[PDB]
Structures are given as structure tokens and as C-alpha cells.
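First listed ligand is number 1; within each ligand, the first listed atom is number 1. Sequence positions, counted from 1, serve as the residue numbers for this chain. Computation of the quantities below employed the complete heavy-atom set of this structure, encompassing side-chain atoms and omitting hydrogens, waters and symmetry-equivalent molecules.
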Amino acid sequence: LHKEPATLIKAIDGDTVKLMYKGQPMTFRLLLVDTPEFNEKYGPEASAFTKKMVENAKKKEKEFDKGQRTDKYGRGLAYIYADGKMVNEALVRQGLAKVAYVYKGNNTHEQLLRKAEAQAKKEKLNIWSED
Ligand SMILES: Cc1cn([C@H]2C[C@H](OP(=O)(O)O)[C@@H](COP(=O)(O)O)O2)c(=O)[nH]c1=O
Ligand SMILES: [Ca+2]
């Protein structure tokens with residue numbers, strides 16, 4: 001896999017972002033993760049985290065995996081990076097996303113994200129909290 005430039009149009013929520021890809025406005029869905037919807041618990045927090053992490057980065061990048069690059073809803077499927085740090089991983093590490101939607105052939109960073117999730121569980125963060 002390799003990173004390539006991502007052109008941000010706007011934040012959407014914890015696990016989707018609007019990108020300009022080859023001059024087409026597209027919703028991109030973060031691979032291997034699931035954030036709460038905005039109106040669910042930790043939804044506002046995941047939204048805010050993803051929004052700021054991407055907006056504040058001078059270098060915004062995306063990385064396709066080896067399998068499908070769009071889902072059945074026409075959303076792009078990628079890992080997103082903000083100054084070299086993977087958004088998908090950071091969400092999971094902070095307990096604002098679960099590892100989810102793991103499909104063989106688009107699962108290159110699965111182990112990386114499950115490591116992060118186990119630490120978020122150990123720390124009882126957010127999704128994994130007693131709250
Ligand atoms: C992350 C991801 C979601 N999806 C589909 C699975 C789910 O479809 P079903 O909708 O038919 O349940 C849906 C979840 O998206 P959201 O979590 O954005 O709602 O998107 C993929 O097909 N590929 C993926 O890599
Ligand atoms: Ca979601």
C-alpha cells in the first residue's frame with residue numbers, strides 16, 4: 001500500500017469525510033472501523049475528533065487497500081492520515097471507534113487496529129468505559 005494526497009472538502013462524522021477525488025466530490029468511509037452515529041453516545045466526540053484531526057493537518061493523505069475502493073453505496077474506502085498519523089487507528093486507540101467491517105482482502109491494518117483496540121479496552125476509554 002502507499003499513501004497519496006487527499007483533498008478535503010468537509011468533515012462529515014466520526015468515520016466519514018468528504019474528499020475531492022479526481023475532481024469528484026465523494027464520501028469516504030474509513031476502513032476497518034465503526035464510530036457511533038452523531039446522535040448516539042460518543043458520536044459528537046468521534047465527529048469532533050475526526051474533524052479536527054483531518055482539518056488541522058497540513059498533510060492530508062489517503063491509502064487504499066488491496067481490494068475494493070468503493071463500497072455498495074458508492075463511498076470511497078480508505079485509511080486516512082493526518083500528518084502521517086492514521087485517523088482510523090487514532091479513533092480506535094482513543095475508544096471512539098470499534099474495529100469493525102473487517103473484510104478479507106481489505107484488511108491490511110487489521111492487527112494494528114486490534115492492538116489499539118485492546119489498549120483502549122484495557123484503559124476503559126469511551127465506548128469501553130463503565131459509563
Ligand atoms: C466500512 C465498510 C462498510 N461497508 C458497508 C457495510 C454496511 O452495509 P449494510 O449497510 O448493508 O449494513 C455499511 C455500514 O456503514 P456505516 O457504518 O457508515 O453505516 O457499509 C462496506 O461494504 N464496506 C466497508 O469497508
Ligand atoms: Ca458508523
Side-chain angles (χ1 to χ4, degrees):
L1 307 189
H2 73 274
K3 299 184 192 58
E4 58 189 277
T7 300
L8 177 67
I9 295 174
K10 61 175 167 142
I12 303 167
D13 75 354
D15 63 19
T16 57
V17 291
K18 201 77 185 199
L19 299 184
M20 189 77 83
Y21 184 46
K22 302 187 51 44
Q24 306 305 334
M26 286 184 66
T27 296
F28 270 67
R29 179 65 165 84
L30 276 58
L31 281 169
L32 295 191
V33 305
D34 186 42
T35 51
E37 287 285 327
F38 179 75
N39 290 312
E40 319 182 298
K41 196 176 174 63
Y42 308 108
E45 289 80 11
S47 289
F49 188 85
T50 297
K51 177 166 188 299
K52 294 191 168 130
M53 185 169 176
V54 179
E55 280 180 0
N56 297 337
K58 296 114 293 185
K59 194 167 44 174
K60 314 172 208 296
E61 296 175 296
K62 62 185 179 281
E63 181 179 55
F64 295 104
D65 211 317
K66 286 165 181 218
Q68 71 163 204
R69 299 181 164 205
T70 57
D71 70 15
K72 66 193 170 176
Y73 297 119
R75 301 183 301 177
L77 295 174
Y79 305 105
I80 305 297
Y81 295 81
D83 292 335
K85 300 305 170 284
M86 195 199 307
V87 178
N88 314 47
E89 177 186 14
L91 285 161
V92 171
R93 179 64 179 86
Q94 298 303 316
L96 294 170
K98 295 192 185 178
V99 175
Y101 299 102
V102 183
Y103 302 106
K104 56 257 85 95
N106 259 353
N107 71 342
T108 294
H109 298 311
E110 182 182 357
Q111 192 73 345
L112 170 79
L113 265 43
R114 288 199 186 284
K115 180 176 158 104
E117 195 189 76
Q119 293 264 65
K121 288 179 180 157
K122 181 173 180 88
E123 299 173 359
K124 298 186 227 296
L125 302 178
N126 289 314
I127 289 167
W128 311 119
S129 68
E130 297 289 327
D131 292 308

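For the Ca ion (ligand 2), the set of nearby N, O or S atoms under 3.0 Å includes one belonging to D15. With a cut-off of 3.0 Å, the Ca ion (ligand 2) has no N, O or S atom of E37 in range. Not a single N/O/S atom of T16, whether from backbone or side chain, sits less than 3.0 Å from the Ca ion (ligand 2).
Looking at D34 against ligand 1, only its side chain comes within 4.0 Å, counting heavy atoms. Contacts between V33 and ligand 1, counted as non-hydrogen atom pairs separated by less than 4.0 Å, are absent for every part of the residue.
Taking each of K72, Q68, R29 in turn, the one with a heavy atom nearest to atom 8 (O) of ligand 1 proves to be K72.
The backbone N or O of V99 lies less than 3.5 Å from a partner atom in the side chain of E117, making a donor-acceptor pair. Under the 3.5 Å distance criterion, the side-chain polar atoms of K60 are matched with a main-chain donor or acceptor of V54. Proximity of a side-chain donor or acceptor of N107 to a complementary backbone N or O of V102 within less than 3.5 Å is not detected.
Any N or O atom pair closer than 3.5 Å counts here, and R75 shares at least one such pair with ligand 1.
The protein heavy-atom contact nearest to atom 7 (C) of ligand 1 is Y101 CE2, 3.7 Å.
With ligand atoms numbered from 1 in the order given, ligand 1 contributes 21 (C), 22 (O) to contacts under 4.0 Å with heavy atoms of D71.
Protein heavy atoms are absent from the 4.0 Å sphere centred on atom 19 (O) of ligand 1.
The aromatic rings of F28 and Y21 lie perpendicular to each other, with more than 60° between the two planes, well past the 30° mark.
Side-chain contact, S129 with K124: no donor N or O sits under 3.5 Å from an acceptor N or O.
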Next item on the list: List the steps and the verdict of salt bridge (charged side-chain N to carboxylate O under 4.0 Å, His left out) for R29 and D34.
Entry: CA-CA 10 Å; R29 179 65 165 84; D34 186 42; 3.6 Å; yes
